[PDB]
Every structure is written in C-alpha cells, then in structure tokens.
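Undergrad: Experimental structure and sequence below, a few questions after.
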Amino acid sequence: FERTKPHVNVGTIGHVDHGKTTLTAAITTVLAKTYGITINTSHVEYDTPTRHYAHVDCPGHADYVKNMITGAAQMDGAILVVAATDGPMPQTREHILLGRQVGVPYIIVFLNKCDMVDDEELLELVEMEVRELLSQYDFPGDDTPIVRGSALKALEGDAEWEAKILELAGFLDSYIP
Ligand SMILES: Nc1nc2c(ncn2[C@@H]2O[C@H](COP(=O)(O)OP(=O)(O)O)[C@@H](O)[C@H]2O)c(=O)[nH]1
Ligand SMILES: [Mg+2]
C-alpha cells in the first residue's frame, strides 16, 4: 500500500452535459498545481498526497451501463455530477440504482453549473432533489458529501472555483474508506 499508497478507482457518472468529462479534466489540473463486447472507456490517473487515483469517465450511457454491468472499471468510489442548470435527469437516477446493484459502495456528489447558478434557493433545490434520489434508490443522502463548483472555470483559470475541486479531492480522501 505504501508505493501507490492507497490505489483508488473512482467512477464518474453523469447524464449528458453535466461536465464530468470536464470535472474529470479539472481535477487533474488542480491536482498538478497544488501537489505536483466493445467497451469504450476514458482514463485518467491522479494522485492526492495520501491516495493515488485512477479515474474512469465514459463518453456515453451505453458505456456506463455496459461498463458498470460487467466488470469494466471496478468502481470503489463513484463521483457524481448533477448539474444545477437542470436537475437530476434520467441518466442520473439510472446511474444511481445501477450503482447500488453494481456494488458501488460510495457515491460522492459534485454540482456543476455554478457558473450559472445564483440562487441558494435553487441549489438547495438541486441539492435537495439529489439527496431525495440518493436515498430512495440506495445511499445515505444525508451524511453524503455534496460539492458545488464549476469544473469549467477551474481549469480555465484561477479561482475559488478551483478551490472546490480541492474539496472533491479532500472528501475523496476522507469519504472513501
Ligand atoms: N458553464 C459551464 N459549462 C460547463 C461546465 N462544465 C462543462 N460545461 C460545458 O458543457 C458542455 C458539456 O459538458 P461535458 O463535460 O462534456 O458533459 P458530459 O457529457 O457529462 O461529459 C462542454 O462542452 C463544456 O464546455 C461548467 O462547470 N460550467
Ligand atoms: Mg464524457
């Protein structure tokens, strides 16, 4: 465990537009500064000072469903992007169940479109309805980290937004046993 230092494969589940691919990109970049069948799959490896991460993001639902259903991925940690602009839409609900069956123990939720969402009243509201799916279908939903940034900003520059990706990394290290 000491070389890898604990090696963690963290699984990113969206609907179609939320920014996972984006979320996925941002995390690495942030990470670099601060520290440093047919199957279709996209892979990134990332490191916090504690854990080391392998990350999988799939261009499509079809991918998530097949990839999650067989064996592709193995996903200890599932990082979830629900985007404020919309709300949790089908692909998110589906992804949540599928996860439960899959045996995806931990889903950590990240809320993207806060480059576009001014409204504590909405956010709570995106944020509540997530909590509501998570439970009905699987998960705690209470004692479950919800992180709001905006991935797009974070790469792109400087920012407060960047900082949040840091919580995401942080929770990861914590939330995931
Ligand atoms: N404004 C804004 N747009 C975003 C953000 N993240 C992603 N997008 C944009 O929305 C489009 C779809 O996002 P994407 O990451 O590809 O979604 P995915 O299908 O879940 O992988 C992208 O081309 C991005 O330019 C974000 O945090 N803010
Ligand atoms: Mg994608």
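TA: Nice, thanks for sending it over. Numbering: from 1, shown residues only. Ligands and ions are numbered 1, 2, ... in the order given.

Undergrad: what packs against the helix or strand containing residue 170?
TA: When elements are assigned from DSSP states H and E, residue 170 belongs to helix 160-175. Using 3 or more CB pairs under 8 Å, 6 or more residues apart in numbering; DSSP states H and E as the contact test, the elements touching helix 160-175 are helix 20-35, strand 77-82, strand 106-112, strand 146-149, helix 151-156. For every residue, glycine as well, the C-beta is placed using N, CA and C.

Undergrad: Up against ligand 2, what does the protein have?
TA: Residues of the chain lying close to ligand 2 by CB under 5 Å from the ion are 21, 59.

Undergrad: Alongside ligand 1, which residues does the chain contribute?
TA: For the chain, the contact set with ligand 1 under CB under 6 Å from any ligand atom comprises 14, 16-22, 112-113, 115-116, 150-152.

Undergrad: let's go with 8 Å and repeat that
TA: Contact residues, the chain versus ligand 1 (CB under 8 Å from any ligand atom): 14-24, 57, 59, 81, 83, 85, 112-116, 149-154, 161.

Undergrad: can I get the CA coordinates of the longest helix along the chain in PDB?
TA: Ranked by residue count under DSSP state H, the longest helix found in the chain is helix 120-137. As requested, the backbone C-alpha atoms of helix 120-137 are provided in PDB (Å, rounded to 0.1, in the frame of the first residue of the first chain):
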ATOM      1  CA  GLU A 120     -29.200  29.500  -2.900                       C
ATOM      2  CA  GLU A 121     -32.800  28.800  -3.100                       C
ATOM      3  CA  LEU A 122     -32.200  26.600  -6.400                       C
ATOM      4  CA  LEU A 123     -29.100  25.000  -5.300                       C
ATOM      5  CA  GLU A 124     -30.700  23.800  -2.300                       C
ATOM      6  CA  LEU A 125     -33.300  22.600  -4.500                       C
ATOM      7  CA  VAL A 126     -30.900  20.800  -7.000                       C
ATOM      8  CA  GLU A 127     -29.100  19.800  -3.900                       C
ATOM      9  CA  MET A 128     -32.300  18.500  -2.100                       C
ATOM     10  CA  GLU A 129     -33.600  16.500  -5.000                       C
ATOM     11  CA  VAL A 130     -30.400  14.800  -5.100                       C
ATOM     12  CA  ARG A 131     -30.500  14.000  -1.600                       C
ATOM     13  CA  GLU A 132     -34.000  12.500  -2.400                       C
ATOM     14  CA  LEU A 133     -32.900  10.200  -5.300                       C
ATOM     15  CA  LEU A 134     -29.900   9.000  -3.400                       C
ATOM     16  CA  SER A 135     -31.900   7.500  -0.500                       C
ATOM     17  CA  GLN A 136     -34.900   6.200  -2.400                       C
ATOM     18  CA  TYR A 137     -32.700   4.300  -4.600                       C
END
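
Undergrad: so what's residue 153 up against?
TA: Taking CB atoms under 8 Å, 6 or more residues apart in numbering as the contact definition, residue 153 lies against 115, 159, 161, 162.
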